[PDB]
Amino acid sequence: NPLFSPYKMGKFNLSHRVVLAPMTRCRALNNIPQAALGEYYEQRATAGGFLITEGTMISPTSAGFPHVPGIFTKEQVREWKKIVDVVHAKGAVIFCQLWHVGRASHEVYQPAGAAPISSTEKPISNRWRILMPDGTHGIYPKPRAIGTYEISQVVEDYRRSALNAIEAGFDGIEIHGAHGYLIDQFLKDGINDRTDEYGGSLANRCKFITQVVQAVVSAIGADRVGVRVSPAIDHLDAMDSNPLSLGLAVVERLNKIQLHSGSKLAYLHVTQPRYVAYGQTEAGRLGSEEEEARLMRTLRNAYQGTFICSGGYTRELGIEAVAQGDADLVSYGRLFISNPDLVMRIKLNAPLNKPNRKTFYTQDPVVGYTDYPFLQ
Amino acid sequence: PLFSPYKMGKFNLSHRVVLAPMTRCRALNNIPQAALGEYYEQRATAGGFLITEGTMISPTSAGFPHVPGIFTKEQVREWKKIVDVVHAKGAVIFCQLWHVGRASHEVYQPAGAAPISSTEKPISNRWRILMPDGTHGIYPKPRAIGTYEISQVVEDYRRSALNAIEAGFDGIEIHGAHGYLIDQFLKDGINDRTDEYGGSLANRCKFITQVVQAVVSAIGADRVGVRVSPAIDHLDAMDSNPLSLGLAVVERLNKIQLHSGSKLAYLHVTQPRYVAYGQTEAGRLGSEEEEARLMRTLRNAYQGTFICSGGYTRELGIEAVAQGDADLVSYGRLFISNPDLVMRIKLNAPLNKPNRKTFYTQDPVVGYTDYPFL
Ligand SMILES: Cc1cc2nc3c(=O)[nH]c(=O)nc-3n(C[C@H](O)[C@H](O)[C@H](O)COP(=O)(O)O)c2cc1C
Ligand SMILES: Cc1cc2nc3c(=O)[nH]c(=O)nc-3n(C[C@H](O)[C@H](O)[C@H](O)COP(=O)(O)O)c2cc1C
């Protein structure tokens, strides 16, 4: 089982290749990490295993979900430190994902009910919904387009949050530049309609993610920085006219950052689109995902360093990805929600608990969070 | 409530369990075989309603192997034998008229022509076609047909509908769903035409209106059912506003009924079951409530019998009829593996698991009619 051959991710000697994908769960009440998070990440930590936290706020304006943790205040840092200590006690490596939603927010999540910030004034269309604090679904409002100065302040929020994560004891951070959030709002030409030096060409559209990565690399070192992107996922109207070209341009910037810094990043993390097959249709189970596979392998071949694949991976797909050289590490999301001992279940090819979507984003510290059972 | 009677036109149905149309590829050389007889006989019940596999309307309408036709008198003769057996069991049977459009390959095109469609855009390579040798092939580039050719395809529907009535079928169902030929005109993600059949919502509904009106003018509205799927993720068949498109189709069908002076047999709607973007943060937010609203909005809008389909279970089918969401519920995969599915649902008995490996094989017995009874 190639998922359990050790892997050297920089200085980290990982004992297996099963990674906990970053997953918003909304148990960090009032943006403060709670004890439930410690019990949740401890359940899933393994000796030599790699974990990535839920997306974490970098500033008071970065949230678009209720009760997501932040790491921009010293109070949040003190509470994160307790969680890192229990994860490290089990011998696991853990990175904190730094998350800014950009236009994917609502006035209810913004200080003084202000507008969410973005690269554009275009809102997300009504084909997408936002989760409101009372559990209902809301409409994304019109965002405010930020200028160069404010862009450098958002970059500074990433750098201070990166420093705060290191103060908390995290082994590194991951930049959330995927899924149509703030960084992806500059990357995707279906969103970025700017005419200044941050819009238009591929080079200008990659300027914001280059500035973010370069700032955190200059603050804590390239070895402690992972980068997550999703060029071929159009979540929240985040489409690009040539996703492979965009992905390759991003990879080129990362290779250049590594060359100028003289050090490699921790990894490149890419989520792929994963069209579920329709067993109720005539030809739903006849299609192949080979074009999506070629795009992921192209990005992997283009990037000089560790590659983590994600999105709809099973035990079989994860084994196949590592065995064929398509990826070094495989991150699991939904199956890791419902299986605290997912690594052991994958090791043993054991049955997997089904995830209950109704409790993905509720606030209970136990129900649907830490009460998923272990193997008997 | 699934076994409370329902009057579908002149037909007094004894239960609400319907055999959904299902391609099985046992009609060797496009001629219905005796195996189809046993298959449908096994599943026919007194007062039950059956819908056949998709049936070719022309030599260019197929995109699967060993699929039956109704465009030849030979086909008509073999169909008659099947209908008689089903009728002997006391069941009503409709024949589904199927044109795959761009969803064809070429080992199925007589003159090795390009599949006809509303557009020249092909299906993307993430979908594959089943080849006669059992492998999977790539969909080729289709040919966009002009205004005159559209009237010939409508005539193929009319001639095939007459042939099905000659075979003894109680009616026909128009397959305008799942991204096939009719759906290729409906969906604005496929229809990029600039003539009177493309652009506005009304222009995209012109083709399905003409097809439905033609078969109604040939065999009567009471013997015509219509199947659509505005919110289906099959073969790149997306529409920017599935609710508007569904209501526009319903308005056309209601108007056809008003001018014809008779109601249609039924409206048959396939249900999305949205599982897309399950790996994203907010993709599944408000995806089950909008699908629920969509099915009910169309049901309230259509003046006549409503049939829902797709992934329905015993529990889900009971809830749909009890809550007024549908008059009839058609079952697919569970009816493959349970010949006495109606009897098993009546008794709440265990259900055999369907074997997907034998869904499209050619054997007349294995994986087709060898599923056991209760
Ligand atoms: C409930 C939920 C929350 C998620 N939150 C985040 C997140 O905060 N940041 C992020 O980059 N990805 C997030 N994801 C995407 C996952 O990290 C990962 O890409 C995906 O779950 C992998 O697909 P899988 O569930 O089939 O394993 C989330 C996914 C789910 C289902
Ligand atoms: C193997 C198979 C073949 C099918 N063939 C057709 C077909 O030829 N025409 C059609 O309109 N629907 C076809 N369908 C869709 C069914 O009519 C129906 O929508 C679906 O099977 C119901 O979902 P269920 O199987 O979970 O009950 C097919 C479905 C399956 C599984």
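Chain A is the first sequence line, chain B the second, and so forth, proteins listed ahead of strands; every chain is numbered from 1. The figures that follow rest on heavy atoms only: side chains count, while hydrogens, waters and symmetry mates do not. Read the numbers this way: they start at 1 and go in the same order the structure lists the ligands and their atoms.
- Contact annotation: for A/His176 versus ligand 1, heavy atoms closer than 4.0 Å belong to the side chain alone.
- For B/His66 and B/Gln362, the side-chain atoms include no donor-acceptor pair closer than 3.5 Å.
- Distances below 4.0 Å separate heavy atoms of A/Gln97 from the following atoms of ligand 1: 7 (C), 8 (O), 9 (N), 10 (C), 11 (O).
- When ring centroids are compared, B/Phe64 and B/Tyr108 stay outside the 6.0 Å threshold.
- Using modelled atom types, one finds a donor on one side chain and an acceptor on the other under 3.5 Å when comparing B/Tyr40 with B/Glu53.
- The shortest contact between atom 15 (C) of ligand 1 and any protein heavy atom is with B/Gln279 O, 3.1 Å.
- When hydrogens are left out, the protein atom nearest atom 6 (C) of ligand 1 is A/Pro22 O, 3.0 Å; that is the closest non-hydrogen contact.
- For A/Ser331 and A/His269, the side-chain atoms include at least one donor-acceptor pair closer than 3.5 Å.
- Within ligand 1, counting atoms from 1 as listed, the ones closer than 4.0 Å to a heavy atom of A/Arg334 are 24 (P), 25 (O), 26 (O), 27 (O), 31 (C).
- For ligand 2, one of its N or O atoms has an N or O atom of A/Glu282 under 3.5 Å away.
- Here the side chains of B/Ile336 and B/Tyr371 are in contact, with some heavy-atom distance below 4.5 Å.
- Remark: minimum distance from atom 27 (O) of ligand 1 to any protein heavy atom is reached at A/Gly333 N, 2.8 Å.
- Side-chain atoms of A/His179 do not come within 3.5 Å of backbone N or O of A/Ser230 as any donor-acceptor pair.
- Close contacts between ligand 2 and A/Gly279 involve ligand atoms 31 (C) [criterion: under 4.0 Å to a heavy atom].
- The aromatic rings of A/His176 and A/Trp99 sit parallel, their planes meeting at an angle under 30°, below the 60° perpendicular limit.
- Within the 4.0 Å heavy-atom criterion, neither part of A/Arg274 lies near ligand 1.
- Comparing A/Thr24, A/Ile308, A/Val330, A/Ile337 by heavy-atom distance to atom 3 (C) of ligand 1, the nearest is A/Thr24.
- Contacts with ligand 1 closer than 4.0 Å are made by no heavy atom of A/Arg25, backbone or side chain.
- There is a side-chain donor-acceptor pair under 3.5 Å between B/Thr361 and B/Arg26.
- Within the set A/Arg357, A/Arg228, A/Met23, A/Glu174, the minimum heavy-atom distance to atom 10 (C) of ligand 1 is found for A/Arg228.
- Of all atoms in ligand 1, listed by their number and element, those nearer than 4.0 Å to a heavy atom of A/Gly311 are 22 (C), 23 (O).
- Ligand 1 has at least one atom lying under 4.0 Å from a heavy atom of A/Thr271.
- Residue contacts with ligand 2 for B/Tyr360 involve side-chain atoms from C-beta outward but no N, CA, C or O (heavy atoms, distance under 4.0 Å).
- At a 4.0 Å cut-off, not a single heavy atom of A/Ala178 sits close enough to ligand 1 to count as contact.
- The backbone N or O of A/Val101 sits less than 3.5 Å from a side-chain atom of A/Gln185, completing a donor-acceptor pair.
- Taking every heavy atom of A/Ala21 and a limit of under 4.0 angstrom, the matching atoms of ligand 1 come to 17 (O), 18 (C).
- B/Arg102 places no side-chain N or O within donor-acceptor distance of the main-chain N or O of B/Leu181, the cut-off being under 3.5 Å.
- Relative to the ring axis of B/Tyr312, B/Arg273 places its NZ or CZ within 45° and under 6.0 Å from the centre.
- The atoms of ligand 1 that sit less than 4.0 Å from any heavy atom of A/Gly312 are 23 (O), 24 (P), 26 (O).
- Checked by atom type and distance alone, the side chain of B/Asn30 pairs as donor or acceptor with a backbone atom of B/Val67 at under 3.5 Å.
- Atoms of ligand 1 found under 4.0 Å from any heavy atom of A/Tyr332, numbered from 1 in the order shown, are 27 (O).
- Remark: side-chain polar atoms of A/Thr271 are not paired, donor with acceptor, to backbone N or O of A/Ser310 under 3.5 angstrom.
- Each of the atoms 1 (C) of ligand 1 lies under 4.0 Å from some heavy atom of A/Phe360.
- Residue contacts with ligand 1 for A/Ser310 involve side-chain atoms from C-beta outward but no N, CA, C or O (heavy atoms, distance under 4.0 Å).
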